[PDB]
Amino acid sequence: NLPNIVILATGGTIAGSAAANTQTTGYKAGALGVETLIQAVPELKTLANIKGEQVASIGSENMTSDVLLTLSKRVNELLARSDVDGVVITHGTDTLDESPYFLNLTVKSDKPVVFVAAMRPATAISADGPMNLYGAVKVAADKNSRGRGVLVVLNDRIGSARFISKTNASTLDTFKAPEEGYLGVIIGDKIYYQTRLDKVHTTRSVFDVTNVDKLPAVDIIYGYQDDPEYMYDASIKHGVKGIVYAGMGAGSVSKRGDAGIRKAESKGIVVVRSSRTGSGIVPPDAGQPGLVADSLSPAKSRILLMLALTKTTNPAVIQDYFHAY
């Protein structure tokens, strides 16, 4: 009796197709279904009983919070069933920073939720998709993968949704977390778990979007030399509920950024100072406005802020989420 795994497809280059096998970038992309991905890897039949389901068919650069609501609700419906042991989600790499972390806070089950992607299309020479999908299903079918939070599997690595991000624009090994490493690795058709996420996730999370139809809008504004104050004005004008600041260094604000953040806060907008660096802690500073993002990236900080605004508008409670989640 093999485990029962459901593969939910949302699109991405993993389900992409090009005219030539030498083409990995800059091509008229064609989408493939979940059944085509399953049929491409007949070795999945030794791991688990597989059922395919197409949630979406878009590039992750076009992934929206509305589709994330639909995805999370469907994952929760499936994991509540006794005939589903785990869920594998085929997704694009461009916003694989956000999607798994969204599910890390919204999934109400200990059963494995494994995001999977590919940097090369299925038609490409040495396409990474087939092995990544094999690894993802293997992880989801393993009972030892439970209670570890949402997992992300690419290039023989098992990364945490809380730390893993696309660190390189175009390489196969792009998904890394320099300061936190990987939760596990897949070597020689065997899973080796090494670390556990020391943050609040899945079953112990207070965030629930089961009865949420629309999430609060949150913008991300970059921090740099000569950064305009008018970007904050644009966010205020359109009435966003939150703003994540991709700050210079440890979330440092310029005179124009400081003025823009305080103007947003006076209108009731919750601002969180993250970092454009790529990793590390943004420490508390009473001399600067806004909350701090802890070690959360601008992309993941936005996700947490959106979900935090569904529960509260209290800055201290939201700050507590950033240090715990």
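Residue indices: 1-based, along the sequence shown.
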{"property": "Which of 85-93 and 230-238 has higher mean CA B factor, as the PDB entry lists it", "result": "230-238"}
{"property": "291-299 versus 36-44 - greater average Cα B-factor per the deposited record", "result": "36-44"}
{"property": "Residue with maximal Cα B-factor (values as given in the PDB entry) among 29, 63, 272, 282", "result": "29"}
{"property": "Residue, from 114, 177, 79, 244, that the PDB entry assigns the highest Cα B-factor", "result": "79"}
{"property": "Chain-relative CA temperature factor third for residue 305", "result": "middle"}
{"property": "Chain thirds of CA B-factor: placement of residue 139", "result": "middle"}
{"property": "CA B-factor placement of residue 316, once the chain's modelled residues are sorted into thirds", "result": "highest"}
{"property": "Third of the chain's Cα B-factor distribution that residue 208 belongs to, per the entry", "result": "highest"}
{"property": "Position of residue 2 among the chain's modelled residues by C-alpha B-factor, lowest, middle or highest third", "result": "highest"}
